[PDB]
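Student: everything below, folded, please.
(chains A, B, C, D, E, F, G, H, I, J, K and L)
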Amino acid sequence: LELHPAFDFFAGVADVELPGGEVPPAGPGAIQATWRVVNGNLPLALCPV
Amino acid sequence: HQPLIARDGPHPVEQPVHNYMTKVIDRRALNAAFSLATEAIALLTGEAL
Amino acid sequence: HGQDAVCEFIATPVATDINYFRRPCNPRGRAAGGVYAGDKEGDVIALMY
Amino acid sequence: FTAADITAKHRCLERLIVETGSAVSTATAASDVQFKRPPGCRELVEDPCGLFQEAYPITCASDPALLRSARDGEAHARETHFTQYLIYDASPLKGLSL
Amino acid sequence: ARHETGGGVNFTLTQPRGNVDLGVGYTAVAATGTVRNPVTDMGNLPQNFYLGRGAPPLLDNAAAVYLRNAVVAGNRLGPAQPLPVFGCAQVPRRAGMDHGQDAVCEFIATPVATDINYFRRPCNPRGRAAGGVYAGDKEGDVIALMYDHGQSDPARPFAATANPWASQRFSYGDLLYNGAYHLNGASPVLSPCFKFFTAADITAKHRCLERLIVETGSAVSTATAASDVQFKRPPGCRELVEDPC
Amino acid sequence: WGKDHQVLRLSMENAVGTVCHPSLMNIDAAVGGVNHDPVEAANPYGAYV
Amino acid sequence: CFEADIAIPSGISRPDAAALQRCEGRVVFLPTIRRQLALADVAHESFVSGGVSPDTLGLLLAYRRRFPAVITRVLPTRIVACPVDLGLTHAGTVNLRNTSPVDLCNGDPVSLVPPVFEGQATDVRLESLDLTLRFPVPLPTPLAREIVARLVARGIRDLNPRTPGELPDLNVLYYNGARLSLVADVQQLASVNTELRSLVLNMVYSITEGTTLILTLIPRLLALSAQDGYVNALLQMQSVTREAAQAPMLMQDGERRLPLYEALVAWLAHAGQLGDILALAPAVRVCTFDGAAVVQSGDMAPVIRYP
Amino acid sequence: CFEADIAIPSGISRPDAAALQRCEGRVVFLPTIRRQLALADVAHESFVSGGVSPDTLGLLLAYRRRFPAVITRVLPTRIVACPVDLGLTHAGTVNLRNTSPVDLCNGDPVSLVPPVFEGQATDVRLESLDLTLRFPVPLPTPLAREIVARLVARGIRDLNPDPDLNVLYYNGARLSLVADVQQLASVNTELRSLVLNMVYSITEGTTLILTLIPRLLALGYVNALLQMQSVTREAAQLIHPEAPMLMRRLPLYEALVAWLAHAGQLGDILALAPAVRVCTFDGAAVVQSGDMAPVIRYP
Amino acid sequence: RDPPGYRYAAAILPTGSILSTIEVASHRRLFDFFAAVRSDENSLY
Amino acid sequence: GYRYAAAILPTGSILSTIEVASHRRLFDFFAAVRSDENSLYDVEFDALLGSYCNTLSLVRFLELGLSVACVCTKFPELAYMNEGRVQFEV
Amino acid sequence: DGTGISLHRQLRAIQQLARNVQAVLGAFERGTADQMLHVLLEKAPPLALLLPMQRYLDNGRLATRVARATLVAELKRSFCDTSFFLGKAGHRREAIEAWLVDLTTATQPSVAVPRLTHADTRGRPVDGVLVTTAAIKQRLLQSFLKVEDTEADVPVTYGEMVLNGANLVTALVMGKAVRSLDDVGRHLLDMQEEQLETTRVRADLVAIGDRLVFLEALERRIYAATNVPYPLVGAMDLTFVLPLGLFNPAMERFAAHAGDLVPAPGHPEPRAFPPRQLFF
Amino acid sequence: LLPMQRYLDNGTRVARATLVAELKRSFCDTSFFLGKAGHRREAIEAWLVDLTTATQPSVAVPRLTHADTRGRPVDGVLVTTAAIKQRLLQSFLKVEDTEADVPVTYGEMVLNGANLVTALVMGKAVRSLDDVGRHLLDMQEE
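Tutor: Residues are numbered from 1 along each chain as shown, chains lettered A, B, ... in the order given. The coordinates are given below.
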């Protein structure tokens, strides 16, 4: 679930549009992506401090 | 035709084998060519005499 | 000097050790050779991926 | 990186080692900058890189300060420094001049 | 010797014969000088005691199947579709293997100041000269040669052991690595350490030294080269191994 | 070293033709390749707005 | 052998005559005992029922009421098959072909399973005689009993949806390593339903009166859990036994009937018979004369009688 | 027939030779069917499977796995056995040694474990080369299926204590199952793993079915016909057991295969299938202990 | 099958000397047709 | 008729002289040909060219250099002994 | 039948047995040598150990527990140091000269006079065998010279004697049916059918010291292509010990020079803490 | 080939893997062998004999008596390029039998006796038919 330097891949909710609600209606798991903004967004096993 | 060597004990007994394989001709055909200029044929024919 | 080579680049993490280099290796970081398999009909691409 | 270029190939070593003599290079020497191979018929290159799925490291180093020590072999070359690092050759080309 | 099967008849032929040494002294030595290649790639494999099951587990279940799957989770020796009551551990065969057969690495706890000068040397694992050769022919001697730590170590002569956590009876190699207790040994993986830590097999074992060295072109090994990760030996297909250790 | 006693240079301003071409963001098939065989729910604290 | 023949009925595609040569040692399901029979009831078009083709559970039920037969010798005129159900009286041990990804053992019982594998379809096609051929996959019987429980329970999940779409696939198998993925394409209901009912109805009779006293010792099971190795490994993590822990009910009439002994009888009567009433009967056993301990994929193993 | 030879190893004593003279007509198990075999494939020391001595489970795995052979004539330097499992049906008459029950004119006798009888009886040891030949017991199919379910039932009352299961009359005789003085304390530790197998396959399935069938029929031909032949049987068992016991689909159907996988193990383990038949000729139809019997090949 | 196999029936009518011998099955991916000697064949008679 | 060079010898009486193929057309192969057709002149053969056998070398045991260390000698009925074993002084 | 085809396929069974009978009768003579490679190697001690074993016995004798120790403590050193000597020192010469000559006479002559000797074409009797592999024999001969190579004598004594072997040529055919009259008579006409359509035997006889051996290699002749592992190859199994994560004792914590193994100036120098890593 | 031939003897997955790692390091070592350590006169000599002795001799043909130089037959070819053979001549192998060769002239087979009849009536045309065809009438009386 890590594939690309400029993006992230994480098992999120199925269908729920983001700017809404308090608790997601946890049904099926559909995975989705997002944009990594900066160089600092990469994980620290792939960059020593 | 293959020979064999009779072992003993825990290794299994052997029996002679035969092979009988069959192979196929492939056909190549290589080429040469040459020319005679137009002036030479009637010279060889006996026309232009 | 003669004909030109072409250098291509592949995004790799900075803390992937030099000990993996100075040694004949894949550029991908994992072995991928079909000769490494053992004829199981699934030791193709599921070796690579 | 084409798994289909792995998937299309078989594995019995009775037949495998003889195409290492005569295989098709994807490169052609007949152009100024090297090209993807045209249908200009064949090459009959040797190319061990496909059958082993390998590549070779050459004499390279992060600084010239390591590359001066890289001369006269791997006897006394500074393999690393503070952050600076050298890769000595490992190739069929080892031992040779060019 | 005939035997009729499916198809047709099947003749089997055998000729009984024997031999003898017919030499009062030694005859026919055999040297060993050239190597083709190592069979194994010399290591880097964890040992997994969850392959075995003889050990009594934790009593709290919340620690039981938390610590069980914390280790097993992805090991090269990691029992998936787990241990049947009847069956095998089903070692995960991977798709491709490159360098050869795998060696297995096993572990024994040591104190940090058991000085390194005892190493750099042909020294032994269990901190004590443990062979049945070294004793002084008393025939109750080799339990005392292996355990009587009021005495010294014949290997390291100024002391009794090199590791108290290896040497003695119930010294934790004695519980883990002695096949008489066998918390392990339900596992098909060959333990490298069973040659040591076994008071039963080195219970005098043989002692006539002259006959002893001719058996070192003999004594079928603990190992088999026929698996991906090396196994303890199945009783069929002997191998005439050399094995000095 | 090139085809001589030459020494060359591969300073990482070399990477401008490889990665900066606008295909680095082009990850539509990757999410299209992973979203089948769907994931279980993975307690989304920080995946949900 | 009590010889039974199947002739080559009408015409030959000339490479496909060689396709019948490399099927020596395979299995034909012919639903009879004949001295001669046409090749029409042989193929999978005969396995297809009225209008619809069976699923891999229906093919179990289709391989129920037919008769397996061993290819013995291949002529261009006939194919001599030996009737497994009767004519297994072979001290010559008539030989079979292993068409399976598993290297077996010596001494395995071998039962037949329809082709359900992801890459060993065993599909050979005849176009002069328009027929489709699915050869069964001979497998070892505990590995065979590990398969049929998966495919029915996968069809048990074909009755009820409820759960989220990430289900455990029942599609990863384990033999010493060797990750196997099978095909999940279609689940016909009646092949699931009749297989489900005998799984219900046999488990009814396998409980008796003296069976109930055993149910008291369910908390006694976990008392052995934290104090040994064997029990803790026997107790599965994905089990209801670890879930149900979170009593004589006297009714004692006569008390000379041996109530605990009578419990293990009828439990073994129906819950003891669960592999063979769902799947095919094993009658093939691995027996090599040369001392070979395993039999390779594609080999010709000698075959002996009922296990 | 196809007689197979087992090689006698090197120097044995005359009582070790006489130990080979008290076994002419026993039952022998062997892994492979090589025409020349050795004694190393025969002994009880050749039954090690996990580094320890096998139990009655660990024997009955192999006792259903490897192959029976019956020694017709004993020999120096060889052992001639005409094996049972080779040959066509009802041919190649062979001869056995009876143990304490009858072995009537029929019955189809079955090889099974020694410690269901006297454990150090028929564990005949060679003294010189120091190996052990634990010969199986040939019991006929009714009583062989009878005694196997009794001691594991006796293992329950020996498991967690607070009638007497051990009388078990034959047609004429009173068969003393209990060999008390030193055996029964070794019984409940040598069937030790086996009792757990008969239990755990019951505790799993019954506690699985009572959360299967209530989860079924509403999640219809199998629905109404579930309790059709189980009217006042399964609902009565739902009335009796579900009250005095305790009460999840995705681990449940995962446990469905696993129990039934263990069930398919036990059917191959238990029930002791017939392998050879007694159907003699011109006998008294009734065999006694220590007397031979003509025994024919296939059930 | 047999138009390769008649060549093995023609190999039963032999004239041709094979000079050096190694294992045939290592070159299985070389020939056009392979047959295997296993002590007997019911077809060759 | 199918193999035309075989019909260069007719070896029998073309005798009926009735309208062929207006009858039952029962022939497995027949060709109603005018004065000529190109397939009449086609010549083809698939030929057999090679068969080779290797020598099976029957190599005796009293040839090789390791015959020196052994003195093999005939003794039947060694299967009948439990001991025929050798005793020597020094 | 009266067809010659019936007689012709009767031929092609005879030319099936006539290749098979030589195959099994060959397999014993092939099998005869393979036993000798087992029964020699079963009684063969490894010669890195017997070169001190004899010179232990080159005394009176001692069992006084002191010589037993000093036997072992030298025996382990000769194996730890010189075991694989050829290849360990193949760059040298005039030690491999000395390496063979003790290996030529580390053993002792048996209680044996053959009465039928293998000559050397002059008169010289041969007193050793020295079986080696094919690969070793190549680089050994061309660098470590070399002899007249012809064995004048190797008698066909009562050792194999195929006149007793001719029974199963006829009796196995007699065990079945009337093939007994055929299977011995066919072998007469099979000599030109299957084949084609006290004497000298070639060998290699190197003389070293004042001795002579039949230095001959197998597997190019009588082990090839039979799927048999060549018995002069095998396995040395050596267990290895690596101390992991231990700690430097109190004396050896030095650096052997001032400036060496020094980090960049804003870095902790990680060599000062107890090591857990290990490299090999 | 030179390691690959060694595994074709003695008759397997571990044998498969132990080949390939051994092979790829041997390829990295023992290739471009004349330019690498060509100063070693000794190294080239044993490298030449593995060029000489690695391949498998097929079934010998009696007909073409391609022997030369007063009666020792010829068993190899070794076609190289120009400068290598000169350099092989100059220092490493200045080993000359002669410069003199006795080759042969062509062979042939023409469809004459019954090969015609077996081609234009039958399909199969046996090379050297009549020597086989007589001996097919000879073996059945032996």
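Student: from here on, contacts and neighbour counts on C-alpha atoms
Tutor: Noted.
Student: so does stretch J:53-63 get close to chain E?
Tutor: No. Figure legend: stretch J:53-63 not in contact with chain E (C-alpha under 8 Å from any C-alpha of the partner chain); closest approach 15.1 Å.
Student: which ones are touching residue D:43?
Tutor: Residue D:43 sits next to D:23, D:24, D:25, D:28 when contact means C-alpha atoms under 8 Å, 6 or more residues apart in numbering or on different chains.
Student: return the residues of chain I in contact with chain B.
Tutor: I:4-5, I:7-8, I:11, I:31-40.
Student: give me the buried entries from those residues.
Tutor: I:4, I:5, I:7, I:8, I:11, I:33, I:34, I:39, I:40 (16 or more other C-alpha atoms under 10 Å in any protein chain shown).
Student: residue K:73: neighbour count?
Tutor: By the criterion of other C-alpha atoms under 10 Å in any protein chain shown, residue K:73 has 11 neighbours.
Student: and the helices in the stretch 101-250 of chain G?
Tutor: G:141-156, G:189-205, G:218-221, G:230-234 (DSSP state H, counting those that start in this stretch).
Student: taking chain I, what residue is nearest to chain B?
Tutor: Here chain I gets closest to chain B at one residue, residue I:37, 2.2 Å apart by C-alpha to the nearest C-alpha.
Student: wait, I meant the stretch 1-150 of chain G
Tutor: Closest point on the stretch 1-150 of chain G to chain B, by C-alpha to the nearest C-alpha, is residue G:106, at 13.4 Å.
Student: nearest spatial neighbour of that residue, skipping sequence neighbours?
Tutor: Nearest residue to residue G:106, sequence neighbours excluded (C-alpha to C-alpha, 6 or more residues apart in numbering or on different chains): residue G:293, at 4.9 Å.
Student: before we move on, the earlier item: so which of the residues of chain I next to chain B are also by chain K?
Tutor: Restricting the residues of chain I next to chain B to those near chain K - C-alpha under 8 Å from any C-alpha - leaves I:39, I:40.
Student: which of the residues of chain I next to chain B lies closest to residue F:2?
Tutor: residue I:31 (44.6 Å; C-alpha to C-alpha).
Student: what separation do you get for the closest one and residue D:15?
Tutor: 10 Å (C-alpha to C-alpha, to the nearest Å).
Student: repeat that for residue I:40.
Tutor: Counting by C-alpha to C-alpha, the gap between residue I:40 and residue D:15 amounts to 28 Å.
Student: before we move on, what about residue B:20?
Tutor: 19 Å.
Student: now residue D:48
Tutor: On the measure of C-alpha to C-alpha, residue D:48 and residue D:15 end up 15 Å apart.
Student: repeat for residue K:217
Tutor: The value you get for residue K:217 to residue D:15, if C-alpha to C-alpha is used, is 30 Å.
Student: and what of residue C:8?
Tutor: 32 Å.
Student: who's more crowded, these two?
Tutor: Neighbours were counted for residue C:8 and for residue D:15 using other C-alpha under 10 Å; residue D:15 has more, 15 against 10.
Student: so what's the more buried one up against?
Tutor: By C-alpha under 8 Å, 6+ apart, the contact list for residue D:15 reads I:27, I:28, I:29, I:30.
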